[PDB]
There are 2 protein chains.
Amino acid sequence: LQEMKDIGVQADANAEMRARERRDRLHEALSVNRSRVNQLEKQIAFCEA
Amino acid sequence: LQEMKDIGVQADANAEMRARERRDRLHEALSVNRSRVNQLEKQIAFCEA
């Protein structure tokens, strides 16, 4: 248990599932955000010109 | 010792320094290659526009 506190992680199974779910939803949202920024940057550069 | 057989990694002191040196020089090389790719894509996108 001291080793578990030296590595500095809570390591609870229920928290592991909740954490992975929240991070995955944010990774998916970020991938969509980058894609949107890329198409709108094209629109911006083209329309301004 | 069974935990060492389960993880399946030799992890010799010499092997550890060698592994980090190769993967760290690779991490910087990836960042440089990707930066060149992004720079060339921005120039090409400007040329198209």
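Data block above holds the structure.
Residues numbered from 1 in each chain as written, not as in the entry; some residues may be left out. Chains lettered and ligands numbered in written order. Part of a larger assembly, values for the part shown. Heavy atoms only, no water.

Visitor: Even after reading the chapter, I still don't get a nonpolar patch on the surface, so can you show me in this structure?
Guide: Residues and elements named next belong to chain A. A contiguous nonpolar patch, built from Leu1, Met4, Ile7 and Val9 and spanning about 430 Å² of accessible area, is present on the exposed surface. Looking at the secondary structure, you find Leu1 in the segment before α1 (2–6). Here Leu1 falls in the exposed class, since its relative accessible area comes to 79%. (Patch = residues over 30% accessible without salt bridge, like charges linked within 9 Å, V, L, I, M, F, W, Y side chains within 5 Å. Areas by Shrake-Rupley, 256 points an atom, 1.4 Å probe, with all protein chains shown as cover. Salt bridge = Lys/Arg side-chain N within 4 Å of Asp/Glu carboxyl O. Helix = DSSP H or I, 4+ residues; strand = E, 2+ residues; numbered from the N terminus. Buried < 20%, exposed > 50% of the residue type's maximum accessible area, 1.4 Å probe, protein only.)

Visitor: Explanation requested: the pattern of salt bridges in the structure shown.
Guide: Pairing of side chains with opposite charge becomes possible as their charged atoms draw close. Residue and element names in this part refer to chain A. Under the counting rule described, the total for this entry stands at four salt bridges over all chains. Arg20 serves as the salt-bridge partner of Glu16, at 2.8 Å between the closest nitrogen and oxygen. Note that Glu16 and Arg20 are positioned in helix α2 (residues 13–48) at a spacing of four residues, about one turn of the helix. Classification of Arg20 as exposed rests on a relative accessible area of 51%. Between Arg25 and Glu28 there is a salt bridge, and its shortest N-O distance comes to 2.8 Å. A residue pair is termed a helical-turn pair when its members lie 3 or 4 positions apart in one helix, as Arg25 and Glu28 do in helix α2 at three residues. In this structure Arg25 comes out as partly exposed when scored by relative accessible area, which is 43%. On the basis of relative accessible area, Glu28 is assigned to the partly exposed category, the value being 44%.

Honestly, it's all geometry; don't read function into it.
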